[PDB]
Amino acid sequence: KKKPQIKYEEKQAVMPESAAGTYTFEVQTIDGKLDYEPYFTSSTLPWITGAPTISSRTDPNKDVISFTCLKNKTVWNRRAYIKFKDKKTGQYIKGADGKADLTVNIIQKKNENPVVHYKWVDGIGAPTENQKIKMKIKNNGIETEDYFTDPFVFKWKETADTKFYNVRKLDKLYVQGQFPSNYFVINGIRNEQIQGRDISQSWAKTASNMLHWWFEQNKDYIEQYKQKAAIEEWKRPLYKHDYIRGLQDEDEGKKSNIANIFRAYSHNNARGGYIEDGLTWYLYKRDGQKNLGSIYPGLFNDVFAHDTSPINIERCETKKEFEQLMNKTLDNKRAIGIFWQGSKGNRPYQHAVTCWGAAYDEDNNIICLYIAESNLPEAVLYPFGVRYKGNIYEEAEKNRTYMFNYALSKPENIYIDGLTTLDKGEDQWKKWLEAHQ
Ligand code: NA
Ligand code: NA
């Protein structure tokens, strides 16, 4: 007698809808009914209940295989794989080429109607519906007539009433021949005239946004500092954060005193800089930052010298590391700088941006970030989708947090290497105020 065989066209994926249910596919049975058992290749499939089974063999030509999925609440497809063990021989059954194991690809489809929730950096409010701007899908750099339909895909428009900060690079907004010839002129601290450029200053724009937030959150402590501290004469003008909303692009140099301090006085580096360096430079004295600029603000050195720094730097290489870091930062009322890393084209990529909040699916996966991107033109926060390298259910030792770039309508090999965070420093401020009673 001939030995029975099974066949399956492996190019056909099995794609259950997002709803929970017991789904099925068919396996062709040749020359009888082979005694086999189906198995998932992973034992860490929390979204599948049990093993696959042969639920019908009544048709001589095919078996029905059943498997049970939980609802896919996430906005991502998720993958599982079924192989087949010959129960008489104990070997995995071969596929069409006689060498590879017969493998059926399962892809449960994404949730088309997710319920999303949001966490914003403390103290910046939250977008109103009128402040959320939907985005057109681009193709070959041209906007199509289609829009991104996921509910978290919106720009957060800056208005007179919004409370985030997004200082933009003058060197990116500038249009030669159309902007004012004095566009880059800064009136320095001794009323001296300075042409400050900022093409490589994403670290300093990110620091400036975070510092604007910090001056605002701590404004009552800073008022007490101005009243009670022995302020060095030359630094007195710097105890001030002005961020003037509603300006035209051609007036960006008149928008932010903090960003202008970096643009006038910070020394240049084409290899960029570090968010944490600019933050330290503005707030307290460290020898490492002695050569950052031609001045050293160090405006609250006697609050933070010899105490906890409110600045931290952490890295993340897995989904778990990224979400714990984001949640810890958001839940502890801190501001967020992101240092992106990867490739933009056939060239290395590094860039600092500011994060003002995150979107979450019903499983509390982080699915989108709201980014102040000093390279991008609009006076808005841009959504950057979150994508993770491989299986999020069976995480590998490295599963970086890649960015989907809705403004360019494309994934990019750009991932989040880590966060630089800025804490209010409430305990340090309290100890300073208690010592100045
Ligand atoms: Na399972
Ligand atoms: Na750049």
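Method of determination for the deposited model, per the PDB record: X-ray crystallography, at 1.63 Å resolution.

Chemist: Can you tell me about the state of the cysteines, naming the residues and giving the values?
Modeler: Applying the stated criterion across every chain yields a total of zero disulfides. Counting only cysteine sulfurs, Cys355 is the nearest neighbor of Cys316, a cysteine outside any disulfide, at a range of 11 Å. The thiol of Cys355 is unpaired, and the distance to the nearest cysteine sulfur, on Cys368, comes to 9.3 Å. Taking the relative accessible area as the measure of exposure, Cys355 reaches 0% and is therefore buried.

Chemist: Lay out the packing of helix α2 (residues 202-217) against helix α5 (residues 275-283) with the relevant residues and their values.
Modeler: Running from N to C, α2 and α5 cross one another at 45°; their axes reach a closest spacing of 8 Å. Regarding the angle of α2 to α5, the classification is oblique. The element α2 and its partner α5 pack so that their crossing is right-handed. When α2 is examined against α5, the residues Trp203, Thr206, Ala207, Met210, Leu211, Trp214 and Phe215 are found in contact with a partner set consisting of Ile275, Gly278, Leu279, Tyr282 and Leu283.

Chemist: Break down the nonpolar core for me, with residues and values.
Modeler: Judged by nonpolar contacts, the single largest core of 96 residues is most densely connected at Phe300 and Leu369. Contact partners of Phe300, with chain neighbours within four places excluded, come to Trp214, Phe215, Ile222, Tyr225, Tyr239, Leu283, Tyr284 and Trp429. Core analysis: the second largest hydrophobic core is formed by 21 residues, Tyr23, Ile65, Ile82 and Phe84 among them.

Chemist: Run through the sheet that holds strand β5 (residues 62-69), naming residues and quoting values.
Modeler: As summarised here, the arrangement of the four strands in space is β1-β2-β5-β4, forming an open sheet in which the pairing is antiparallel. Whereas interior strands pair on both sides, the edge strands pair on one side only; in this sheet they are β1 (5-7) and β4 (53-56). The mean inter-strand angle of the sheet, taken between neighbouring strand axes irrespective of direction, is 45°. Here strand β2 (residues 21-30) runs beside β5; their pairing, made up of eight bridges, is antiparallel. Looking across to β5, one finds that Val27 is bridged to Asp63.

Chemist: Outline the coordination of the sodium ion (ligand 2), supporting the account with residue identities and numerical values.
Modeler: Taken together, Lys169 (NZ) and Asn375 (ND2) make up the protein donors of the sodium ion (ligand 2), found 3.1 Å from the metal. Here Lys169 is found in the loop between β12 (155-157) and α1 (170-173), whereas its partner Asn375 is found in the loop between β18 (366-372) and β19 (380-388), with 206 residues between them in sequence. In this structure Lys169 comes out as buried when scored by relative accessible area, which is 3%. By relative accessible area, which is 22% here, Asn375 ends up partly exposed.

Chemist: Describe in detail the pairing of β19, supporting the description with residues and values.
Modeler: Among the nine residues in β19, eight count as buried, and that is most of the element. Where β12 lies against β19, two bridges are found, and the strand directions are antiparallel. Note on β19: the bridge partner recorded for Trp156 is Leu381. Pairing of β18 with β19, which is carried by four bridges, proceeds in the antiparallel orientation. Within β19, the residue paired with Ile371 across the bridge is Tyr382.

Criteria and cut-off values
Residues numbered from 1 in each chain as written, not as in the entry; some residues may be left out. Chains lettered and ligands numbered in written order. Heavy atoms only, no water. Residues with missing side-chain atoms left out of burial classes, pairs and counts. Disulfide = S-S within 2.5 Å. Buried < 20%, exposed > 50% of the residue type's maximum accessible area, 1.4 Å probe, protein only. Axes fitted to C-alpha atoms, helices over the stretch in contact; angles between N-to-C directions. Helix = DSSP H or I, 4+ residues; strand = E, 2+ residues; numbered from the N terminus. Parallel < 35°, antiparallel > 145°, perpendicular 65-115°, else oblique. Left-handed = near helix turned anticlockwise from the far one by under 90°. Contact = heavy atoms within 4.5 Å. Core = buried A, V, L, I, M, F, W, Y, C linked by side-chain atoms within 4.5 Å. Pairing = 2+ DSSP bridges. Donors = N, O, S within 2.8 Å, 3.2 Å for Na, K, Ca; no water.

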